[PDB]
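Working notes for the structure below.
Within every chain, numbering begins at 1; the chains are lettered A, B, ... in the order of the sequence lines, protein sequences first and strands thereafter. Atoms considered below: every heavy atom in the structure, side chains included; atoms not considered: hydrogens, waters and symmetry mates.
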Amino acid sequence: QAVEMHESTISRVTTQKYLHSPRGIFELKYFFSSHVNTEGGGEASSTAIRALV
Amino acid sequence: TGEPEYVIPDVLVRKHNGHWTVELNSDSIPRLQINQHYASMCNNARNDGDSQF
Amino acid sequence: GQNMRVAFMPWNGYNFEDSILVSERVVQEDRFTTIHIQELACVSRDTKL
DNA sequence: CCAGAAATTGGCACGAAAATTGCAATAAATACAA
DNA sequence: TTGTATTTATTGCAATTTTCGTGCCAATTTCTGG
């Protein structure tokens, strides 16, 4: 929705491509994750929950 | 014995002027160019068999 | 350098062909002792794993 | 100390949502001959 | 003056497979009263 393209194009582009950040080297598919609910009403990613655990 | 293996990133993220900026890694971006010699060989007076090719 | 009390004479073949005979008192006074400093480096990088 | 009770764990299952892969020629703009 | 042949500009839909969270329960480990 943000870049006004199809989900298949987004899926194909972010395949076996890496990104360098001051924190490390991450695959572009590392930033997509599921979620659970939250008492306030929001959502919390599974990566954050794994880090907390 | 041995040595670690690295990976060349495709996109670089850095914090400039207080905001994060993203660019492409210029050391790995593929690029091509048209040979000007054979391209300029396209003479109309030359045989059509070569010209169409 | 340093100022040294020197005599010009042969001494039992120990100054043969530009050799130099040195007193022990020179060593005991640290008159030609030098300091040397060396640098070592360790680099921590980022790998794929 | 013993044995029954209770807490803990992970394999399997269920639907639902999300990610992946097959499909191969056209729309429109522009320059040229009557 | 116009109708037509040639050259840029099009980077999605639709099945299908895979992954998500969470319940059930058999097997295992921990706990507590007489």
Spacing between [X] atom [atom1] and [N] atom [atom2], to the nearest angstrom:
| X | N | atom1 | atom2 | value |
| --- | --- | --- | --- | --- |
| A:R12 | D:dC23 | CZ | P | 12 Å |
| A:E43 | E:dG21 | CD | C1' | 14 Å |
| A:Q1 | D:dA18 | CD | P | 12 Å |
| A:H35 | D:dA16 | NE2 | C1' | 12 Å |
| A:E7 | E:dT11 | CD | P | 14 Å |
| A:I10 | D:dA19 | CD1 | P | 11 Å |
| A:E4 | E:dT10 | CD | P | 16 Å |
| A:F32 | E:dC20 | CZ | P | 15 Å |

Using the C1'-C2'-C3'-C4' torsion, classify the pucker of [N] as north or south, with positive meaning north.
| N | result |
| --- | --- |
| E:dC20 | north |
| D:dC14 | north |
| E:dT30 | south |
| D:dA24 | north |

Any side-chain N or O of [X] less than 4.0 Å from the OP1 or OP2 oxygen of [N]?
| X | N | result |
| --- | --- | --- |
| A:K29 | D:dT20 | yes |
| A:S11 | D:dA19 | no |
| A:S8 | E:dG12 | no |

Say whether, by atom type as modelled, one donor and one acceptor occur between the side chain of [X] and the main chain of [Y] under 3.5 angstrom.
| X | Y | result |
| --- | --- | --- |
| C:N15 | C:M9 | yes |
| B:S51 | B:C42 | no |
| B:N47 | B:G49 | yes |
| C:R31 | C:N3 | yes |

As a test of the definition: with a 90° window around 0 for syn, would you call D:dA13 syn or anti?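 That one's anti.
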
Geometric stacking, E:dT11 and E:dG12, six-membered rings, under 5.5 angstrom and under 30 degrees: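 No, the six-membered rings of E:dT11 and E:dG12 do not stack, since they fail the test of centres under 5.5 Å and planes under 30°.
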
Answer yes or no: are the six-membered ring centres of D:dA27 and D:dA28 under 5.5 Å apart with planes under 30°?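 Base stacking between D:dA27 and D:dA28: present.
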
Pair partner, D:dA24 [Watson-Crick or wobble, under 3.5 Å]: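 Its partner: none found.
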
Taking the six-membered ring for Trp, are A:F26 and A:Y30 parallel (under 30°), tilted (30 to 60°) or perpendicular (over 60°)?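 Geometry flag for A:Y30 against A:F26: parallel rings.
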
